[PDB]
Amino acid sequence: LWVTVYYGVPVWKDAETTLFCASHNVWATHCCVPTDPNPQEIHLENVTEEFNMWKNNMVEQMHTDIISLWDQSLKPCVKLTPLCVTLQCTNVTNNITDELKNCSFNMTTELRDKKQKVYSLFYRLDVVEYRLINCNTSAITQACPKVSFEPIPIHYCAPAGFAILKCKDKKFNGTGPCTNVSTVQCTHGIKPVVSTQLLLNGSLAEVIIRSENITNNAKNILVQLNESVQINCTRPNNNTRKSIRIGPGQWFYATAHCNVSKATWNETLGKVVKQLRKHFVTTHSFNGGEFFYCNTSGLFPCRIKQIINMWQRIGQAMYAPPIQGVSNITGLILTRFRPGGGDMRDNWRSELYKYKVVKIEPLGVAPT
Amino acid sequence: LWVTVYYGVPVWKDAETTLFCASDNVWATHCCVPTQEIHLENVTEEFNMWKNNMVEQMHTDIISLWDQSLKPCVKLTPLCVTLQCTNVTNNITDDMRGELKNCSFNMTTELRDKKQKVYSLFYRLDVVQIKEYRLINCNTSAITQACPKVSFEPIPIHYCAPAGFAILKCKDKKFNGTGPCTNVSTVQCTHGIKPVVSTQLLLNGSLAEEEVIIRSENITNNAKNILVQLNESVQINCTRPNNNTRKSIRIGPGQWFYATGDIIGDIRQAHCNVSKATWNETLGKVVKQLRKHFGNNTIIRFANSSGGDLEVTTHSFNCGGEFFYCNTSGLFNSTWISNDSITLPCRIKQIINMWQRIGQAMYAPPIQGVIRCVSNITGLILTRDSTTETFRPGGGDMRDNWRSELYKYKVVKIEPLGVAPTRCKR
Amino acid sequence: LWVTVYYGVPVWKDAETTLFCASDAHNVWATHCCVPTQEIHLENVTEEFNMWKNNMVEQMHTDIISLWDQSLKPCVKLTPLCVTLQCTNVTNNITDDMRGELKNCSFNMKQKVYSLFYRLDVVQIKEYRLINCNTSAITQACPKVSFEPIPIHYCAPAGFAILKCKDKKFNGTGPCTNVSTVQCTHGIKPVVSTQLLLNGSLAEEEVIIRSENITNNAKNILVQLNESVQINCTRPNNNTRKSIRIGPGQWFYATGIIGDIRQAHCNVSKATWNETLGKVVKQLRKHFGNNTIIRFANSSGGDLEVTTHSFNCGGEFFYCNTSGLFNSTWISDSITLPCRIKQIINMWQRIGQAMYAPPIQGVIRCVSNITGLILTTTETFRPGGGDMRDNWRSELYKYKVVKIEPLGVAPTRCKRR
Amino acid sequence: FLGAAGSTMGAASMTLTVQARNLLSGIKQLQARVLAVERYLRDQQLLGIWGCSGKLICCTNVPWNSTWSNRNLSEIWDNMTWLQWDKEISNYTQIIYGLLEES
Amino acid sequence: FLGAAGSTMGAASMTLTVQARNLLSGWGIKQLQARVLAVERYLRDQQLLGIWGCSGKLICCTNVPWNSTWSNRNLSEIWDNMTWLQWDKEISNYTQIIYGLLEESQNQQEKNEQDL
Amino acid sequence: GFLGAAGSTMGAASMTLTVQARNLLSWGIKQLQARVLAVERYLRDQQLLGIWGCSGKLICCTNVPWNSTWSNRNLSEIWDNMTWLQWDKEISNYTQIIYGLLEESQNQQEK
Ligand SMILES: *[C@@H]1O[C@H](CO)[C@@H](O[C@@H]2O[C@H](CO)[C@@H](O[C@@H]3O[C@H](CO)[C@@H](O)[C@H](O)[C@@H]3O)[C@H](O)[C@H]2NC(C)=O)[C@H](O)[C@H]1NC(C)=O
Ligand SMILES: *[C@@H]1O[C@H](CO)[C@@H](O[C@@H]2O[C@H](CO)[C@@H](O[C@@H]3O[C@H](CO)[C@@H](O)[C@H](O)[C@@H]3O)[C@H](O)[C@H]2NC(C)=O)[C@H](O)[C@H]1NC(C)=O
Ligand SMILES: *[C@@H]1O[C@H](CO)[C@@H](O[C@@H]2O[C@H](CO)[C@@H](O[C@@H]3O[C@H](CO)[C@@H](O)[C@H](O)[C@@H]3O)[C@H](O)[C@H]2NC(C)=O)[C@H](O)[C@H]1NC(C)=O
Ligand SMILES: *[C@@H]1O[C@H](CO)[C@@H](O)[C@H](O)[C@H]1NC(C)=O
Ligand SMILES: *[C@@H]1O[C@H](CO)[C@@H](O)[C@H](O)[C@H]1NC(C)=O
Ligand SMILES: *[C@@H]1O[C@H](CO)[C@@H](O)[C@H](O)[C@H]1NC(C)=O
Ligand SMILES: *[C@@H]1O[C@H](CO)[C@@H](O)[C@H](O)[C@H]1NC(C)=O
Ligand SMILES: *[C@@H]1O[C@H](CO)[C@@H](O)[C@H](O)[C@H]1NC(C)=O
Ligand SMILES: *[C@@H]1O[C@H](CO)[C@@H](O)[C@H](O)[C@H]1NC(C)=O
Ligand SMILES: *[C@@H]1O[C@H](CO)[C@@H](O)[C@H](O)[C@H]1NC(C)=O
Ligand SMILES: *[C@@H]1O[C@H](CO)[C@@H](O)[C@H](O)[C@H]1NC(C)=O
Ligand SMILES: *[C@@H]1O[C@H](CO)[C@@H](O)[C@H](O)[C@H]1NC(C)=O
Ligand SMILES: *[C@@H]1O[C@H](CO)[C@@H](O)[C@H](O)[C@H]1NC(C)=O
Ligand SMILES: *[C@@H]1O[C@H](CO)[C@@H](O)[C@H](O)[C@H]1NC(C)=O
Ligand SMILES: *[C@@H]1O[C@H](CO)[C@@H](O)[C@H](O)[C@H]1NC(C)=O
Ligand SMILES: *[C@@H]1O[C@H](CO)[C@@H](O)[C@H](O)[C@H]1NC(C)=O
Ligand SMILES: *[C@@H]1O[C@H](CO)[C@@H](O)[C@H](O)[C@H]1NC(C)=O
Ligand SMILES: *[C@@H]1O[C@H](CO)[C@@H](O)[C@H](O)[C@H]1NC(C)=O
Ligand SMILES: *[C@@H]1O[C@H](CO)[C@@H](O)[C@H](O)[C@H]1NC(C)=O
Ligand SMILES: *[C@@H]1O[C@H](CO)[C@@H](O)[C@H](O)[C@H]1NC(C)=O
Ligand SMILES: *[C@@H]1O[C@H](CO)[C@@H](O)[C@H](O)[C@H]1NC(C)=O
Ligand SMILES: *[C@@H]1O[C@H](CO)[C@@H](O)[C@H](O)[C@H]1NC(C)=O
Ligand SMILES: *[C@@H]1O[C@H](CO)[C@@H](O)[C@H](O)[C@H]1NC(C)=O
Ligand SMILES: *[C@@H]1O[C@H](CO)[C@@H](O)[C@H](O)[C@H]1NC(C)=O
Ligand SMILES: *[C@@H]1O[C@H](CO)[C@@H](O)[C@H](O)[C@H]1NC(C)=O
Ligand SMILES: *[C@@H]1O[C@H](CO)[C@@H](O)[C@H](O)[C@H]1NC(C)=O
Ligand SMILES: *[C@@H]1O[C@H](CO)[C@@H](O)[C@H](O)[C@H]1NC(C)=O
Ligand SMILES: *[C@@H]1O[C@H](CO)[C@@H](O)[C@H](O)[C@H]1NC(C)=O
Ligand SMILES: *[C@@H]1O[C@H](CO)[C@@H](O)[C@H](O)[C@H]1NC(C)=O
Ligand SMILES: *[C@@H]1O[C@H](CO)[C@@H](O)[C@H](O)[C@H]1NC(C)=O
């Protein structure tokens, strides 16, 4: 009969906003606020919410912010301008079995005069009468040792006026009318682990095959396992390093296999196989502090690369310093089967498939 | 009875916020805000100058502001070359033997090609052997020339509360930095603090109104600094008696380096003069107050700064932009028991690792003509080393130079909402 | 009577605030003007306007400079080119004009490279240097960024309003008795020029002569026409661009030429120009004498940006000779003007900074509208110069910013409980 | 901290302060805080233009026109959640706001 | 929006619904600063109405009598021939007096309500 | 003056509550950050008063009885013989309880 206006109305809509992170690490200056000791999760009784892991701005937001932080770091580190010189170089015969090269060059000092001769080691992958790979194409910036890039867990938290909804349906395939929805203020740890073919650490399904338009196109399949597989990765070299002066306080630091747990890998595959029929970057990267690029040997022998073109970009090559002197497979990225992946958005779509951001709209009308 | 809600209630809590400055050059164009005390009757409040967040904030703003200036100035990295030098030894007093050097070198020019030969004078403190020399801070760090257009003269800075906050001031005449204060008032801004940078002696600050005040945290604990605020002031007359010239060198595309030029007339040593009798009375007052904590006729003796670097062992001035390092061992030489002028020699340095940092170095451009300044000693920084207690000049931690002015002030937040029982119901 | 408080009272005060940019939806103006964009007549309102004291002009001036720098800030520096340059000459099919022009220069940069320069880009001491090499190091403009002017609307923030004068005869100062309120100004094209003002607004009627003090004779006179004069400009030399790598991702764009070498030039009609001056003198005669003579002449002297018509089209920088214009005496077919070109540009009065304009591949065909002029017992008038503030004054001419003050009081026959 | 969920309209009437209190609690974050304030103020100004302020529940003299929803009071108020109701009347809202502003 | 701004105070006495309740409408730091200031102005006016004894209403009459020394004018002009712009000018430097009095009056009313 | 009579007793200080209420709203980035904070603090307090039955009053009476467990003193020992600074300390452990009760007291009036 009459119009009644309500203010604290329990209504929300799909929305896109900026979320913030909460907890000498690279993320130390980002995730500057701790999360609450009590997540205060609220079950929403009798609701249905449409969730979609695809076209999810939280994934896109995670991606762009990580790239930004990555680039905020490095920016203040030493620029390796004077390494683009002709390098003289020979082989290694010293207790080497079936590599690394023994190289030397003319380098600057802290003064503009008195150029010095320097001897250093390089991995074959980084050397192209030699030049360093891409030295004449892109600037190379070293990743200075004062900052750690260890992928600590992070939590995304809503700004005031927004809330994060979560899907608790154990059989959710990434899209659709999820029930048993709960509301949270912050996401779980979504540890920012970077990989290609296999997804490491993160969380388990406690197997679920999730993909967009499955069997119909050239799209990645994200497989989340109910059980983890431990992989034993090492670098049995006991490398040492040489610290030299490039310039006035400009320091440069000059200068492998994985054992897949036996039997359990075949059991894991056993869980995946014949589930696909219900519907129906050549290597596996890592970061141990070094980038392994391992072969899929007995999976469907690693090689360290020091000059890195990451995030699929060309002009921002990074120089990883040498390091003086144990991961879980929780999911796979497959293509029609062979390993797929290489797109960081899919790497980070995983673990966020269950979350949605909505805007709270505290105003509404009803009759009385 | 019933709960009643009151808004506008005059209560507060200790708080940490961000203050902004105001004022009546580095700071003159920084505050950009133009510049009344309210007495609080029957209010006792607790102050603690050693835990005062404004000190950390003042330090933070000074370092940041200092670095905001200089950043947009000419870098001197083109000068980190091998240079050759000889001593001047020309119309000198014989107290400068090897102190002033005549240097020459091959450096860059306007074009990327060609080169130029230049020469300039340097103080020994700026140059080290490697007749072949290197400049200091070409070793590590990098030298940036300060822009000559920018003055570093300290001017009073008034720190003002943001809306929702207030600053409380302690007026007790003998307040020693901690504990309850009986005479308390509220202000919107501080009295105006000059950001004077010095060590060992505190220059151009506020004076005690009644008697010398000795302030320290847990004074019984040795190896702590003691801030002494003086009653009356000691006048210091400093000079650098060398009529200098400058050489403007174009080192790139409108990039200029200002080199020390030659000297007109005789070369003389820099020094500072303090009246001797004034210094004698000043210390007698300090000693009498030290006796309150170090009593029972303990012999109190003063001694020099001993070891450590130049920044800590000598006195430091910034006069017109010139940087002086002075020998104070001639002041801190006495034994006190219960029964015309002093000349302090000085040295000049141009490449400065200011604020106890290692990643930056400033080059102070030379100053033409003859420069002199007169300063007021308003306080001392002492460190204490069983009888015959010994005190030495202390210092080097810049926050101590600000506590000496900020000790009277505290920041609080206003929380004008609360409840109490009353006789009303709706 | 009792005090009554009112809110929403329609009154205002003169004010200075921050305005925002809006438009009608790799252009720099568009990149930094991302807000898409009626008028209320004010009955019985008289408002004082002063376009010689107008903070909208000063704010626009600042915004233009700031945007320009933001645009060039991330572009490649040309520091590597300040080497002794070795130059000779070009005799390759050049017509009678431009003999002292297009020198062929080589660099020791290592690699040996070469490029062509305009005579106005270099100085001796076959030994040459680039201008703005000893001072004002040069930054190359990014080839992907367009500076082509687009209409810009200046809009008030909430609490503010822009008043505008509708009086067709307004001379820039004093009261206006036909006032309206808008949210945004009309679109203004941020066109840079000297002497002749291009692509602006036309007068509703006749010719309007405006100045701060008309009898001072040490102030610019801004002349607004009611009809446009068309100018047809061209640079018909089929230029080639030569890409030179100067570093790992850094490129320099050199002038690399097809066909005859011809003098760049601009044309106006004789009749249009003559009639245009006729109208201008009729109005000048209302302020300067009566039974007098008005003569026009070219610039009395000054730097290139003063004595020539600084003109920008196609991204090229032209300095056109206007002495073919302004050469007549007034009492009771076509005109062709030669033009010079520069690649090293000192924008505005920023002597301490310089920019390198990359060459344009092909030819330029350009048509512009003259909407106004800047001028400076018989009298003689000459084209003048300025710092660009005076150009913007011609479009921001009608507008004033005011702050709305919604609260106030008045006596009333009312008392509450 | 919204738990009303699928509870029907009128069940959430006692949680209105739960939602209201949750609204007020590098450059990107400064911008975010300013925007949160603006959102809050726009809703308060809007309630203020309408004939009320400072209320969780407001009812001014604007009659209901059943054309907006062909349901009776029991049919609308009960057996429905606020989310469902808002969807059914996602249109015909600006008209109400106008009527509320007029009174 | 400012329609009839040149009209008399009387004519405009019924136009206050306009130029009102519209201040929150939708380097770059200058725009962020502008947005914050718009909010500050909005709140400043609302707080001032709120500290005084009447807010919400466009027209509020109070218990502070009009003092003739603030105008020396009467209703033969005020609300008849004068415009709001002229009026604002005529009493432009008495504003702070009125405002102080309005605050004092409500503070007394608050005490009376506490005692009642 | 602002906080004038801060040391005066409760009920004396309250004679002028407008002074501490009207004065709450008064790189350079800190000034923008400060303006934003002042607004946020102001609005949080105004929202809190407005989530209770309070609006424009500086002395709002609410329907919540006083508990002897919060404080049990003679009325003369509240509105005399003590100022707001001690009172605020005395009941600082109950503020969040009283505020929750005030909010509900108002929800109970939405009839
Ligand atoms: C998956 O999670 C495991 C841990 O559950 C990660 O392995 C751990 O990685 C950290 C960082 O590299 C290791 O700590 C380091 O130890 C060395 C000394 O050996 C010390 O010098 C460093 O400062 C740092 O503290 C940690 O020891 C290692 N855990 C084990 C058992 O060795 C693993 O990296 C994660 N996988 C992926 C792909 O991120
Ligand atoms: C303590 O305060 C005194 C002033 O009371 C400071 O000395 C003053 O310093 C300024 C700047 O260095 C001198 O100004 C200059 O004067 C010359 C005169 O020829 C002029 O050419 C310059 O352009 C400039 O204006 C001022 O004269 C000087 N005052 C005295 C008495 O010499 C003193 O430096 C302060 N102490 C410290 C450690 O900062
Ligand atoms: C005054 O306004 C006129 C337009 O009303 C401006 O003329 C336009 O100038 C641009 C840039 O020189 C021309 O764009 C070019 O067009 C060719 C067409 O083949 C294309 O290949 C180029 O890539 C480029 O897009 C545009 O065509 C031209 N408009 C017309 C109608 O000819 C004039 O520049 C303005 N004057 C001033 C001084 O700003
Ligand atoms: C360094 O320069 C000298 C120049 O004579 C050359 O002979 C030598 O081979 C260079 N060394 C290296 C490692 O490139
Ligand atoms: C791997 O999975 C086991 C459970 O099967 C768990 O206890 C262990 O902590 C996991 N390791 C990592 C790196 O997550
Ligand atoms: C899946 O891809 C096929 C490709 O032909 C297309 O026809 C179909 O509509 C797509 N389905 C969905 C749900 O996108
Ligand atoms: C892999 O297995 C071999 C078997 O001989 C063993 O020697 C090696 O240490 C293992 N590697 C890791 C990382 O455990
Ligand atoms: C793994 O090793 C086998 C050895 O025959 C080789 O053929 C294959 O290409 C390798 N895979 C990758 C990704 O390098
Ligand atoms: C400059 O370089 C030449 C090279 O032969 C050398 O003889 C001369 O001594 C150098 N001069 C200086 C001042 O370093
Ligand atoms: C400065 O040079 C001397 C040369 O003997 C060296 O011993 C010292 O360690 C260098 N300074 C630093 C910070 O390394
Ligand atoms: C130095 O002290 C005298 C009083 O003895 C005072 O008049 C003068 O202003 C003080 N100078 C400075 C710089 O504070
Ligand atoms: C300062 O005064 C307080 C008063 O309680 C006393 O405890 C403290 O020891 C004194 N410190 C000094 C250095 O006088
Ligand atoms: C003060 O110094 C003495 C030195 O013996 C030490 O025992 C005592 O614990 C210190 N007290 C405080 C409060 O720091
Ligand atoms: C310092 O100079 C003043 C004159 O400006 C003079 O009166 C005073 O005695 C001098 N002090 C000393 C220690 O020489
Ligand atoms: C300083 O005090 C000592 C105390 O023994 C005295 O002998 C000396 O003459 C005094 N000096 C001056 C300048 O008064
Ligand atoms: C302190 O005095 C002693 C006396 O032998 C001297 O050796 C030492 O170098 C002096 N130190 C300073 C900093 O003046
Ligand atoms: C303008 O003033 C005239 C009298 O001078 C009056 O008749 C007319 O109605 C006024 N206009 C408006 C819109 O009130
Ligand atoms: C270039 O050649 C022309 C004739 O084609 C001549 O007039 C001009 O002076 C020459 N330039 C120079 C620098 O000699
Ligand atoms: C520099 O220019 C001269 C011109 O005669 C040439 O002979 C020499 O080879 C050039 N040097 C370089 C590095 O190109
Ligand atoms: C205002 O402009 C209109 C046309 O836009 C015109 O009819 C009217 O006479 C003008 N009024 C004044 C005061 O100039
Ligand atoms: C130039 O004037 C003509 C006149 O008809 C007009 O149509 C055209 O739009 C004008 N161009 C510009 C850029 O103002
Ligand atoms: C410009 O004004 C003159 C005045 O005599 C008139 O004859 C001419 O037609 C007008 N032209 C335009 C385009 O308004
Ligand atoms: C503009 O017109 C006004 C009309 O009152 C006149 O007073 C003023 O002097 C004129 N100014 C110029 C420069 O023509
Ligand atoms: C205008 O210029 C004349 C030049 O003689 C001067 O006398 C007069 O004061 C100036 N007036 C104004 C308003 O500037
Ligand atoms: C200018 O006029 C001349 C007359 O000979 C003609 O050849 C030329 O093409 C015209 N220029 C333009 C830009 O139309
Ligand atoms: C002199 O001025 C009058 C207007 O006052 C004008 O009509 C007449 O044409 C002018 N005479 C000349 C020669 O311009
Ligand atoms: C153009 O200006 C020059 C001086 O810069 C002068 O010699 C020439 O005669 C002028 N031309 C005309 C048409 O007045
Ligand atoms: C403002 O104050 C001055 C003081 O001389 C007075 O003459 C003027 O009339 C006042 N303004 C108003 C609107 O009454
Ligand atoms: C302080 O106590 C005295 C006691 O007589 C009293 O008169 C005075 O008003 C009190 N001060 C305040 C702020 O109430
Ligand atoms: C006082 O607190 C007790 C719980 O400790 C509660 O049961 C009682 O109702 C409360 N009384 C009042 C007046 O709120």
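Values quoted throughout were computed directly from the atomic coordinates according to the rules given, and no laboratory measurement underlies them. All Cβ positions, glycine included, derive from the backbone under ideal geometry; neighbour counts span all protein chains shown.
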**Request:** Sum -39500 (n - 2.57) across every DSSP H segment of at least 4 residues in chain F, then divide by the residue count to get the 222 nm mean residue ellipticity, nearest 500.
**Result:** -12000 deg cm²/dmol
**Asked** If you find the alpha carbon centre of the range C:64-117 and of the range B:304-338, how far apart are they in angstrom?
**Response** 59 Å
**Request:** From other protein chains only, count the Cβ atoms within 10 Å of every residue's Cβ in B:157-169, then give the mean.
**Result:** 4
**Asked** Taking the Cα-to-Cβ direction at residue A:216 and at residue A:45 and moving 7 Å from each Cα, how far apart do the two end points lie in nm?
**Response** 3.9 nm
**Item:** Residue-by-residue Karplus 3J(HN,Hα) for the range C:393-399, coefficients 6.51, -1.76, 1.60, Hz, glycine and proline x
**Value:** 4, 6, 9, 8, 3, 8, 10
**Request:** Within 10 Å of each Cβ in peptide E:42-48, how many partner chain Cβ atoms are there on average? Round it to a whole number, please.
**Result:** 6
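Given +1 on the Cβ of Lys and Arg, -1 on the Cβ of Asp and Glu, and no further charges, what dipole in debye does the protein assembly as shown carry about its Cα centre, rounded to the nearest 20?
In total the dipole reaches around 4340 debye.
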**Prompt:** To the nearest 20 debye, what is the magnitude of the charge dipole of the range B:325-394 about its Cα centre, counting +1 on the Cβ of each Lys and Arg and -1 on the Cβ of each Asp and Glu?
**Reply:** 300 debye
**Item:** Listed residue (C:67, C:41, C:391) projecting farthest to the positive dipole end of chain C, Cβ model
**Value:** C:67
**Complete:** Residue-normalised 222 nm signal for chain A, counting each DSSP H run of n ≥ 4 as -39,500 (n - 2.57), nearest 500 deg cm²/dmol, is -2500 deg cm²/dmol
**Prompt:** Between A:132, B:55, B:98, whose Cα lies farthest towards the positive end of the dipole of the protein assembly as shown when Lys and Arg beta carbons carry +1 and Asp and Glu beta carbons carry -1, centred on the Cα centre?
**Reply:** A:132
**Item:** 3J(HN,Hα) from dihedral phi, the range A:352-368, Karplus parametrisation 6.51/-1.76/1.60, rounded to Hz, x for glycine, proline
**Value:** 10, 5, 8, 10, 9, 9, 10, 8, 8, 10, x, 6, x, 10, 8, x, 9
**Request:** From other protein chains only, count the Cβ atoms within 10 Å of every residue's Cβ in C:38-47, then give the mean.
**Result:** 4
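Relative to the Cα centre, what is the charge dipole magnitude of chain C, using +1 at the beta carbon of each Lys and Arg, -1 at the beta carbon of each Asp and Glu, and rounding to the nearest 20 debye?
Result for chain C is approximately 720 debye, rounded to the nearest 20.
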**Request:** Please report how far the C-alpha centroid of the range E:47-108 lies from that of the range D:11-55, rounded to the nearest whole angstrom.
**Result:** 32 Å
**Item:** In the range C:1-121, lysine pairs closer than 20 Å at Cα, eight or more apart or cross-chain
**Value:** 4
**Prompt:** Amide H of residue B:2: which non-local residues (sequence gap of 5 or more, or other chain) have their own amide H closer than 5 Å, using H built in the peptide plane?
**Reply:** B:422, B:424, F:66
**the range B:188-264: GluC sites (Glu not before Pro) in DSSP loop, at most 16 other beta carbons within 10 Å** = B:209, B:210, B:211, B:217
**Message:** Which one, C:372, F:20, D:99, projects farthest toward the positive side of the charge dipole computed for the protein assembly as shown from Cβ point charges (K/R +1, D/E -1)?
**Reply:** C:372
**Prompt:** Tell me, what HN-Hα J-couplings in whole Hz come from the Karplus equation 6.51 cos²θ - 1.76 cosθ + 1.60 at θ = phi - 60° for each residue of the range C:338-345, using x for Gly and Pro?
**Reply:** x, 10, 9, 10, 10, 9, 9, 10
**Item:** Sites residue E:18 and residue A:115, calculated FRET efficiency, Cβ-Cβ separation with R0 56 Å, nearest 0.05
**Value:** 0.15
